[PDB]
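Heads up: the protein sequence lines correspond to chains B and A, in order. All letters in the first sequence, in the order written, are residues 3 to 325 by the authors' numbering. All letters in the second sequence, in the order written, are residues 3 to 325 by the authors' numbering. Below: the structure, in structure tokens.
Protein chains: 2
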Amino acid sequence: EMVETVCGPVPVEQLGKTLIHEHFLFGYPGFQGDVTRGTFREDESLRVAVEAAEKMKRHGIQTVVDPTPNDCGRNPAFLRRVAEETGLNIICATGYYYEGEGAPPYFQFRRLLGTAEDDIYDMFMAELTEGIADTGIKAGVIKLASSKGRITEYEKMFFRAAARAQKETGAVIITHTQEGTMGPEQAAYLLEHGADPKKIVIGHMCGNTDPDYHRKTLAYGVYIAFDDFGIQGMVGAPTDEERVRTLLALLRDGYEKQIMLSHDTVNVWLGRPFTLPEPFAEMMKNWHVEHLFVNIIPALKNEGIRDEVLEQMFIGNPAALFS
Amino acid sequence: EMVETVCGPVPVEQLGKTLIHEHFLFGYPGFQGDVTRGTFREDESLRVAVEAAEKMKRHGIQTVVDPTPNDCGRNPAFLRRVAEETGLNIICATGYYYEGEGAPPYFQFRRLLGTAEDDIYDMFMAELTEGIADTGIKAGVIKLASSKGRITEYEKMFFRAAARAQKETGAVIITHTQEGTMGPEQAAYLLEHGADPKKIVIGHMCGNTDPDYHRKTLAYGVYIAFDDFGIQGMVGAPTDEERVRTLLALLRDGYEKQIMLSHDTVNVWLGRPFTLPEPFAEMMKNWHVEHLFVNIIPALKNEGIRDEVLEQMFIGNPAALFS
Ligand SMILES: [Fe+3]
Ligand SMILES: [Fe+3]
Ligand SMILES: [O-]
Ligand SMILES: [O-]
Ligand SMILES: [Zn+2]
Ligand SMILES: [Zn+2]
């Protein structure tokens, strides 16, 4: 029925066409320390975030899920500024990143006191049911993340807390999987702790090119997200070409009602601006919010993927997920 | 001659009695994510920070070095608020924490770009010679930190950049050593890259109880800091009793002109307030800024440590270090 967005409750019925995973802002933990050479430019950042939204609106998108981790520069008030001037619905997350590129020293310390898993649960329930800080904005999803080849002890605290919060709230869980690993493990651990698979999206599933691995995750009844379209060359990634092959195989095998598509873009980088080195730069040049609609979809159509299938992925699935 | 404080340049001559290592604020990276349940209380925090200063002033202290890492919630403007209302001199740092409990993902990413060591140097030179963000405050020291048993590849970028900045600036280096390790290694690596040992303080040297280890560091001509007084039970610590034995041995062996004393207090914790379990809580109850003057010094006096020796440690050495 309802979902909390950065502008308050919105019926699921009106989410319409949705990108299930994009970042308006994102910073790697430690960006804070680089303030002198990388201060946040409040207003140009907004110009840039607004323009990003207006772009997706040109392709029909009405709703964006932004699962930027709490420890990766999540800024719900800024999201709200984007939404109050675009009419775009934006649903944000509560959750921390994977141990690998998240900021684990804080909750690792609290684990030493013996309160971390409870404190995490409390944070989830606060941000889902009351508000994030003093913004009045509620997260609509819980973001979970795990490392390569392993859901670490640290990560597991968040997984258990999330299953806990979901049972209390029915909030949707969206995950990050690292380098094409732990998809089935994540599904199984969440389900072992009473999470509802119809309210779970295992993310970055396109990172793997073994259809066995995908079907192994699908068996749990969760959603899977091909949400990294355009990221190529960099950080143990497949190519968009491989993503398309893998995707086509699953659609022709009848899995459309469990698949969602996105880019995982980062539209404004927190901290010091940078330029990618040329090998990576050219491979990554298709990493923008227009990419699915201008490059990917047309390829799938020319593969015979029918309009109703596309609409199940972009409209029907997000509706089903949040309702 | 001169040193930058949070209130601007101050002649070294007037630093007077000094604690070389304390934190008014400190947060473990990730504290940022706990904002909903852990927001920074701007004005009570200041009441608390001001009161902390007023305390140290009752024991003669005129100057405090606060080497809170950039990635551990360093806030120079807040320091300046403390100083403009206490008359206390506060000298702050530019530097990042050790890989273990700092926030390495940001500069690890830039290392992948090939620019991290140069970007770090640039940050040091900016904060030493121009200003931290838009506060106008210059760091007076460079903070370095290393892990247990290892100066990691990540940490080394900061060590090299620092030696580089020191050569350009003559800024003082203050280090953190983890669990009584890497003291001689740190000294040797900095010196190998052209740092001046008369402008280096190897910190947390009290973490080790082998006087061989101490003398092995001292041979480089650097300062060493017994800066953790009051911290026991936790995180590999020795007891204040062991600290005193180790300290006494070095003073009676004539090393007073290379030693400085402090508590490494955290007076306001960033993020969610907390309490500690009984076992650790009582072996930590002496972890306050009055501890040196009310407990430690009296013990050393009753050991025959003469007033002139105490004055060399608290007054003479800091003067020598910064001049
Ligand atoms: Fe993401
Ligand atoms: Fe410290
Ligand atoms: O991501
Ligand atoms: O410390
Ligand atoms: Zn991710
Ligand atoms: Zn330290």
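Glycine included, each C-beta is placed from N, C-alpha and C at the ideal position.
So is the beta-carbon of residue i under 8 Å away from any non-hydrogen atom of ligand 7?
i, result
"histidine 290 of chain A", "The model depicted lacks ligand 7 and carries ligand 1, ligand 2, ligand 3, ligand 4, ligand 5 and ligand 6 instead."
Which one of the options has the shortest CA to CA distance from residue i?
i, options, result
"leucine 115 of chain A", "B/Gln314, B/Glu280, B/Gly75", "B/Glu280"
"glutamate 6 of chain A", "A/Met58, A/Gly29, A/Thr177, A/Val67", "A/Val67"
"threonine 96 of chain B", "B/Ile226, B/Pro199, B/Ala163", "B/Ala163"
"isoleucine 176 of chain A", "A/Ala197, A/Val268, A/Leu294", "A/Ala197"
"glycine 151 of chain A", "A/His178, A/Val143, A/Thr171, A/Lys145", "A/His178"
"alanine 165 of chain A", "A/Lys218, A/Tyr123, A/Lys19", "A/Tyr123"
"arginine 308 of chain B", "B/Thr277, B/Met285, B/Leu294, B/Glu258", "B/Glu258"
"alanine 54 of chain B", "B/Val296, B/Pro78, B/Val291, B/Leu312", "B/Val291"
"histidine 206 of chain B", "B/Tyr191, B/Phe295, B/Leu193, B/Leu146", "B/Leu146"
"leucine 21 of chain A", "A/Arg113, A/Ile93, A/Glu157", "A/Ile93"
"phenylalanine 111 of chain B", "A/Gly102, A/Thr41, A/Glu56", "A/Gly102"
"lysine 59 of chain A", "A/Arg43, A/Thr41, A/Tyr98, A/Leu17", "A/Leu17"
"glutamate 170 of chain A", "A/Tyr225, A/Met127, A/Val203", "A/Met127"
"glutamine 180 of chain A", "A/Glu305, A/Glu194, A/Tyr99, A/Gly172", "A/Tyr99"
"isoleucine 139 of chain B", "B/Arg274, B/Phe80, B/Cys74", "B/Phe80"
"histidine 61 of chain B", "B/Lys201, B/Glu284, B/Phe295, B/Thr38", "B/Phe295"
"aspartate 242 of chain A", "A/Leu253, A/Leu252, A/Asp230", "A/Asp230"
"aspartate 266 of chain A", "A/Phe276, A/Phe109, A/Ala239, A/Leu250", "A/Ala239"
"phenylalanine 228 of chain B", "B/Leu253, B/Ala221, B/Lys303", "B/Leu253"
"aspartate 120 of chain A", "B/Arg39, B/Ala251, B/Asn297", "B/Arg39"
"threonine 88 of chain A", "A/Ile63, A/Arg113, A/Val52", "A/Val52"
"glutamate 313 of chain B", "B/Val203, B/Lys19, B/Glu15", "B/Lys19"
"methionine 285 of chain B", "B/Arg43, B/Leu250, B/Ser149, B/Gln234", "B/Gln234"
"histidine 195 of chain B", "B/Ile226, B/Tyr225, B/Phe161, B/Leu272", "B/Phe161"
"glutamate 129 of chain B", "A/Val37, A/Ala190, A/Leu302", "A/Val37"
"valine 50 of chain B", "B/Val268, B/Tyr191, B/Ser148, B/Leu250", "B/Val268"
"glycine 133 of chain B", "B/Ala190, B/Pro11, B/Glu155", "B/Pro11"
"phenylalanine 109 of chain B", "B/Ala190, B/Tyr156, B/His293, B/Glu15", "B/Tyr156"
Would you call the CB atoms of residue i and residue j closer than 9 Å?
i, j, result
"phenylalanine 33 of chain B", "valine 270 of chain B", "no"
"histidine 216 of chain B", "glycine 185 of chain B", "yes"
"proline 320 of chain B", "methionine 262 of chain B", "yes"
"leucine 48 of chain B", "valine 8 of chain B", "no"
"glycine 232 of chain A", "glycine 209 of chain A", "no"
"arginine 82 of chain B", "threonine 131 of chain B", "no"
"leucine 90 of chain B", "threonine 65 of chain B", "yes"
"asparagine 77 of chain A", "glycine 35 of chain B", "no"
"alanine 105 of chain A", "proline 31 of chain B", "yes"
"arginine 247 of chain B", "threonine 219 of chain B", "no"
"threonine 41 of chain A", "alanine 167 of chain B", "no"
"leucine 323 of chain A", "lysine 201 of chain A", "yes"
"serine 264 of chain A", "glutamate 24 of chain A", "yes"
"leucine 192 of chain B", "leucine 250 of chain B", "no"
"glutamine 260 of chain B", "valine 224 of chain B", "yes"
"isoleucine 144 of chain B", "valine 174 of chain B", "yes"
"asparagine 297 of chain B", "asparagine 288 of chain B", "yes"
Mark residue i as exposed unless 16 or more other C-beta atoms lie within 10 angstroms of its C-beta, in which case mark it buried.
i, result
"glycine 29 of chain B", "buried"
"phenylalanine 316 of chain B", "buried"
"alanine 141 of chain B", "buried"
"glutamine 188 of chain A", "buried"
"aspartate 214 of chain B", "exposed"
"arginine 245 of chain B", "buried"
"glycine 306 of chain B", "exposed"
"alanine 118 of chain A", "buried"
"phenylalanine 276 of chain B", "exposed"
"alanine 221 of chain B", "exposed"
"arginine 274 of chain B", "buried"
"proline 300 of chain B", "exposed"
"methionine 125 of chain A", "buried"
"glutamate 44 of chain B", "exposed"
"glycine 172 of chain B", "exposed"
"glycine 75 of chain A", "buried"
"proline 107 of chain A", "buried"
**Item:** Contact shell at 6 Å, judged by CB to any heavy atom of ligand 4, ordered along the chain
**Value:** A/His178, A/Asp266
**Prompt:** Quick one, which residues of the segment 116 to 140 of chain B are near chain A if we go by CB-CB under 7 Å, in chain order?
**Reply:** If the cut-off is 7 Å between Cβ atoms, the segment 116 to 140 of chain B has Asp121, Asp124, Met125, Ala128, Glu129, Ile134, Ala135 near chain A.
**Request:** Would you list, in chain order, the members of the segment 21 to 41 of chain B that have their beta-carbon closer than 8 Å to a beta-carbon of chain A?
**Result:** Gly29, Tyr30, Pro31, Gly32, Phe33, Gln34, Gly35, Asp36, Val37, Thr38, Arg39, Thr41
**Request:** Check distances from the C-beta atoms of the segment 250 to 275 of chain A to those of chain B and list, in chain order, the residues that come in under 8 Å.
**Result:** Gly273, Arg274
**Within 9 Å of chain A by C-beta, residues of the segment 66 to 81 of chain B in sequence order** = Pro71, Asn72, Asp73, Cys74, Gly75, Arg76
**Prompt:** Taking Cβ-Cβ distances below 7 Å as the criterion, which residues of the segment 92 to 103 of chain A are in contact with chain B?
**Reply:** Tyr98, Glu103
**Asked** Closer than 7 Å, Cβ to any Cβ of chain B: which residues of the segment 219 to 231 of chain A, in chain order?
**Response** none
**Request:** Could you run through the segment 148 to 182 of chain B and flag, in chain order, every residue whose CB is less than 8 Å away from some CB of chain A?
**Result:** Under the 8 Å Cβ criterion, the segment 148 to 182 of chain B contributes no residue.
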